[PDB]
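This is data.cif. It holds mmCIF, N, CA and C atoms.
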data_structure
loop_
_atom_site.label_atom_id
_atom_site.label_comp_id
_atom_site.auth_asym_id
_atom_site.auth_seq_id
_atom_site.Cartn_x
_atom_site.Cartn_y
_atom_site.Cartn_z
N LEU A 71 -8.31 -3.57 -9.72
CA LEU A 71 -7.50 -2.86 -10.70
C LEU A 71 -6.07 -3.39 -10.69
N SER A 72 -5.40 -3.27 -11.83
CA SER A 72 -4.02 -3.73 -11.95
C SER A 72 -3.03 -2.61 -11.67
N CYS A 73 -2.11 -2.86 -10.75
CA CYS A 73 -1.10 -1.87 -10.38
C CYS A 73 0.31 -2.43 -10.53
N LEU A 74 1.28 -1.54 -10.66
CA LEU A 74 2.68 -1.95 -10.81
C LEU A 74 3.46 -1.67 -9.53
N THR A 75 4.08 -2.71 -8.99
CA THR A 75 4.87 -2.58 -7.77
C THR A 75 6.03 -1.61 -7.97
N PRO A 76 6.71 -1.21 -6.88
CA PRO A 76 7.85 -0.29 -6.96
C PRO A 76 8.89 -0.75 -7.96
N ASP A 77 8.96 -2.06 -8.17
CA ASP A 77 9.91 -2.64 -9.11
C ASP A 77 9.27 -2.85 -10.48
N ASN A 78 8.04 -2.36 -10.64
CA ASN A 78 7.31 -2.50 -11.90
C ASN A 78 6.84 -3.93 -12.11
N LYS A 79 6.43 -4.57 -11.02
CA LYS A 79 5.95 -5.95 -11.09
C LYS A 79 4.42 -5.98 -11.09
N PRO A 80 3.81 -6.84 -11.92
CA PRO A 80 2.35 -6.95 -12.01
C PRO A 80 1.70 -7.14 -10.65
N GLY A 81 0.73 -6.29 -10.35
CA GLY A 81 0.03 -6.37 -9.08
C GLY A 81 -1.42 -5.93 -9.19
N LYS A 82 -2.06 -5.70 -8.05
CA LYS A 82 -3.45 -5.26 -8.03
C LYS A 82 -3.64 -4.10 -7.07
N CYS A 83 -4.62 -3.25 -7.36
CA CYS A 83 -4.91 -2.09 -6.53
C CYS A 83 -6.24 -2.27 -5.79
N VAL A 84 -6.20 -2.13 -4.47
CA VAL A 84 -7.39 -2.28 -3.65
C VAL A 84 -7.48 -1.17 -2.60
N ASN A 85 -8.70 -0.92 -2.12
CA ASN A 85 -8.93 0.12 -1.12
C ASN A 85 -8.00 -0.06 0.08
N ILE A 86 -8.17 0.80 1.08
CA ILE A 86 -7.34 0.75 2.28
C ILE A 86 -8.06 0.03 3.41
N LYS A 87 -8.84 -0.97 3.04
CA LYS A 87 -9.60 -1.75 4.02
C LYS A 87 -9.89 -3.16 3.50
N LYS A 88 -8.86 -3.82 2.96
CA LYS A 88 -9.02 -5.17 2.45
C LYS A 88 -7.67 -5.85 2.25
N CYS A 89 -6.71 -5.12 1.70
CA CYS A 89 -5.37 -5.66 1.46
C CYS A 89 -4.75 -6.17 2.75
N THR A 90 -4.23 -7.40 2.71
CA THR A 90 -3.61 -8.01 3.88
C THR A 90 -2.45 -7.16 4.39
N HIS A 91 -1.74 -6.52 3.47
CA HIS A 91 -0.61 -5.68 3.82
C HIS A 91 -1.04 -4.55 4.75
N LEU A 92 -2.23 -4.02 4.51
CA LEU A 92 -2.76 -2.93 5.33
C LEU A 92 -3.11 -3.43 6.72
N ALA A 93 -3.66 -4.64 6.79
CA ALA A 93 -4.04 -5.24 8.07
C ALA A 93 -2.82 -5.50 8.94
N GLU A 94 -1.70 -5.82 8.29
CA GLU A 94 -0.46 -6.09 9.01
C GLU A 94 0.10 -4.82 9.64
N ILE A 95 0.00 -3.72 8.91
CA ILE A 95 0.49 -2.44 9.40
C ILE A 95 -0.38 -1.91 10.53
N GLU A 96 -1.68 -2.13 10.42
CA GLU A 96 -2.63 -1.68 11.43
C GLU A 96 -2.47 -2.49 12.72
N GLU A 97 -2.07 -3.75 12.57
CA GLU A 97 -1.89 -4.63 13.72
C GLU A 97 -0.52 -4.43 14.35
N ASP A 98 0.47 -4.12 13.52
CA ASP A 98 1.83 -3.90 13.99
C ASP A 98 2.13 -2.41 14.15
N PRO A 99 3.17 -2.06 14.92
CA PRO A 99 3.55 -0.67 15.15
C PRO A 99 3.77 0.09 13.84
N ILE A 100 3.75 1.42 13.93
CA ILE A 100 3.94 2.26 12.76
C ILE A 100 5.25 3.04 12.85
N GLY A 101 5.83 3.36 11.70
CA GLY A 101 7.08 4.09 11.67
C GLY A 101 7.24 4.92 10.41
N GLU A 102 8.31 5.70 10.35
CA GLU A 102 8.58 6.55 9.19
C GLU A 102 8.88 5.70 7.96
N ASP A 103 9.54 4.57 8.18
CA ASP A 103 9.89 3.67 7.08
C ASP A 103 8.65 3.00 6.51
N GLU A 104 7.67 2.74 7.37
CA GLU A 104 6.42 2.10 6.95
C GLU A 104 5.54 3.08 6.19
N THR A 105 5.63 4.36 6.56
CA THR A 105 4.84 5.40 5.91
C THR A 105 5.38 5.70 4.51
N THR A 106 6.69 5.59 4.36
CA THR A 106 7.33 5.86 3.08
C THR A 106 7.05 4.73 2.09
N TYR A 107 7.05 3.50 2.59
CA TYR A 107 6.79 2.34 1.75
C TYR A 107 5.32 2.28 1.35
N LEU A 108 4.45 2.72 2.26
CA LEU A 108 3.01 2.72 2.00
C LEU A 108 2.64 3.79 0.99
N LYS A 109 3.34 4.92 1.04
CA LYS A 109 3.09 6.02 0.13
C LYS A 109 3.52 5.67 -1.29
N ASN A 110 4.55 4.83 -1.40
CA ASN A 110 5.06 4.42 -2.70
C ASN A 110 4.18 3.34 -3.31
N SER A 111 3.50 2.58 -2.46
CA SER A 111 2.62 1.51 -2.92
C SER A 111 1.17 1.98 -2.98
N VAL A 112 0.98 3.23 -3.40
CA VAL A 112 -0.36 3.80 -3.50
C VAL A 112 -0.84 3.80 -4.95
N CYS A 113 -2.15 3.90 -5.12
CA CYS A 113 -2.75 3.91 -6.45
C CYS A 113 -2.64 5.30 -7.09
N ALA A 114 -1.41 5.79 -7.22
CA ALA A 114 -1.17 7.10 -7.81
C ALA A 114 -1.89 8.19 -7.03
N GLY A 115 -1.16 8.89 -6.17
CA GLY A 115 -1.75 9.95 -5.38
C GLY A 115 -1.63 9.70 -3.89
N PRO A 116 -0.93 10.58 -3.15
CA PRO A 116 -0.75 10.43 -1.71
C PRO A 116 -2.07 10.22 -0.98
N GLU A 117 -3.15 10.71 -1.56
CA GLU A 117 -4.48 10.57 -0.97
C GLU A 117 -5.51 10.17 -2.02
N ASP A 118 -5.95 8.92 -1.95
CA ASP A 118 -6.94 8.41 -2.89
C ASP A 118 -7.74 7.25 -2.28
N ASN A 119 -7.69 7.13 -0.95
CA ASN A 119 -8.41 6.07 -0.25
C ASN A 119 -8.19 4.71 -0.92
N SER A 120 -7.03 4.55 -1.55
CA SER A 120 -6.70 3.30 -2.23
C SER A 120 -5.22 2.98 -2.08
N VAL A 121 -4.88 1.71 -2.26
CA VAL A 121 -3.49 1.26 -2.15
C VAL A 121 -3.17 0.24 -3.24
N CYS A 122 -1.88 0.02 -3.48
CA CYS A 122 -1.45 -0.93 -4.50
C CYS A 122 -0.79 -2.15 -3.85
N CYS A 123 -1.32 -3.33 -4.16
CA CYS A 123 -0.79 -4.57 -3.62
C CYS A 123 -0.29 -5.49 -4.73
N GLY A 124 1.00 -5.80 -4.70
CA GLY A 124 1.58 -6.66 -5.71
C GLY A 124 2.49 -7.72 -5.12
#
Could you take the file, read its structure, and then write that structure out as C-alpha coordinates?
Amino acid sequence: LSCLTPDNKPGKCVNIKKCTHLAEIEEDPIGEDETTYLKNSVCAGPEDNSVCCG
(Lines of atoms letter the chains of each structure in order from A and count residues from 1; the text may use other names and numbers.)
(Lines give C-alpha, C1' and ligand atoms only; values in the text may rest on other atoms or scores of the structure.)
Protein backbone atom coordinates (compact mmCIF):
# COMPACT_ATOMS: atom_id res chain seq x y z
CA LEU A 1 0.00 0.00 0.00
CA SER A 2 1.05 3.60 -0.60
CA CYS A 3 1.58 5.78 2.47
CA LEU A 4 2.62 9.39 3.06
CA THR A 5 5.62 10.10 5.29
CA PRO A 6 5.39 12.68 8.14
CA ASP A 7 6.53 15.24 5.57
CA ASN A 8 3.91 14.01 3.07
CA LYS A 9 6.48 12.14 0.98
CA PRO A 10 5.49 9.16 -1.23
CA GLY A 11 6.03 5.91 0.63
CA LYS A 12 4.69 2.41 1.24
CA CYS A 13 2.76 0.73 4.06
CA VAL A 14 3.78 -2.71 5.33
CA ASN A 15 3.02 -4.93 8.33
CA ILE A 16 5.09 -4.80 11.51
CA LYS A 17 7.21 -7.77 10.48
CA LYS A 18 8.98 -6.89 7.23
CA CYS A 19 9.96 -3.21 7.11
CA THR A 20 13.70 -2.78 7.66
CA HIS A 21 12.95 0.17 9.93
CA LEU A 22 11.11 -2.17 12.29
CA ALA A 23 14.00 -4.64 12.34
CA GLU A 24 16.37 -1.83 13.31
CA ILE A 25 14.23 -0.81 16.27
CA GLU A 26 13.85 -4.41 17.43
CA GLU A 27 17.62 -4.91 17.22
CA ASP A 28 18.47 -1.57 18.82
CA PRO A 29 17.34 -0.20 22.23
CA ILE A 30 13.90 1.37 22.63
CA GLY A 31 12.95 4.82 23.88
CA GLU A 32 10.17 7.39 24.18
CA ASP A 33 11.47 9.19 21.09
CA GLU A 34 11.40 5.96 19.09
CA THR A 35 7.84 5.21 20.18
CA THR A 36 6.65 8.67 19.14
CA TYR A 37 8.27 8.41 15.71
CA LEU A 38 6.90 4.91 15.21
CA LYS A 39 3.38 6.01 16.15
CA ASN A 40 3.54 8.82 13.58
CA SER A 41 4.74 6.44 10.87
CA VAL A 42 1.72 4.15 11.27
CA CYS A 43 -0.89 3.18 8.69
CA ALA A 44 -3.51 5.43 10.28
CA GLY A 45 -4.37 4.15 13.75
CA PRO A 46 -2.21 3.62 16.88
CA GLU A 47 -3.11 -0.06 16.57
CA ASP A 48 -3.47 -1.71 13.16
CA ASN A 49 -0.68 -4.31 13.06
CA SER A 50 0.75 -2.18 10.25
CA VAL A 51 3.36 0.54 9.72
CA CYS A 52 4.26 3.16 7.12
CA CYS A 53 7.67 3.11 5.45
CA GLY A 54 8.75 5.94 3.16
* Tell me which residues the PyMOL selection byres ((chain A and resi 73) around 7) grabs here, as an MDAnalysis selection string. => chainID A and resid 71:72 74:75 78:83 122:124
* DSSP-assigned helix (DSSP H, G or I) among chain A, expressed as a PyMOL selection string -> chain A and resi 90-97+102-110
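Here CA of residue 76 (chain A) is placed at a distance of 6.9 Å from CA of residue 110 (chain A).
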Residues within 7 Å of residue 120 (chain A), only C-alpha atoms, excluding chain neighbours under 5 positions, as a PDB file with N, CA and C atoms, in the frame of the given file:
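around35.pdb was written with the following content:
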ATOM      1  N   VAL A  84      -6.200  -2.130  -4.470  1.00  0.00           N
ATOM      2  CA  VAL A  84      -7.390  -2.280  -3.650  1.00  0.00           C
ATOM      3  C   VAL A  84      -7.480  -1.170  -2.600  1.00  0.00           C
ATOM      4  N   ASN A  85      -8.700  -0.920  -2.120  1.00  0.00           N
ATOM      5  CA  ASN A  85      -8.930   0.120  -1.120  1.00  0.00           C
ATOM      6  C   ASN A  85      -8.000  -0.060   0.080  1.00  0.00           C
ATOM      7  N   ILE A  86      -8.170   0.800   1.080  1.00  0.00           N
ATOM      8  CA  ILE A  86      -7.340   0.750   2.280  1.00  0.00           C
ATOM      9  C   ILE A  86      -8.060   0.030   3.410  1.00  0.00           C
ATOM     10  N   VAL A 112       0.980   3.230  -3.400  1.00  0.00           N
ATOM     11  CA  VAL A 112      -0.360   3.800  -3.500  1.00  0.00           C
ATOM     12  C   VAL A 112      -0.840   3.800  -4.950  1.00  0.00           C
ATOM     13  N   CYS A 113      -2.150   3.900  -5.120  1.00  0.00           N
ATOM     14  CA  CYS A 113      -2.750   3.910  -6.450  1.00  0.00           C
ATOM     15  C   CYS A 113      -2.640   5.300  -7.090  1.00  0.00           C
TER      16      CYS A 113
END
* Using the chain letters and numbers from this document, which residues of chain A does DSSP assign to strand (DSSP E or B), as a ChimeraX atom specification? -> /A:72-74,80-85,112,120-123
* **Atomic distance atom N of residue 99 (chain A) - atom N of residue 117 (chain A), expressed in Å with one decimal** => 21.8 Å
Could you work out an axis-aligned bounding box for all listed atoms of region 85-99 of chain A, with 3 Å added on each of the six sides, and give its centre and edge lengths in Å to one decimal, as JSON?
{"center_x": -3.1, "center_y": -3.6, "center_z": 6.5, "size_x": 19.7, "size_y": 14.8, "size_z": 23.3}
* **Between CA of residue 101 (chain A) and CA of residue 77 (chain A), distance in Å (one decimal)** =>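 Answer for the CA of residue 101 (chain A) to CA of residue 77 (chain A) separation: 22.0 Å.
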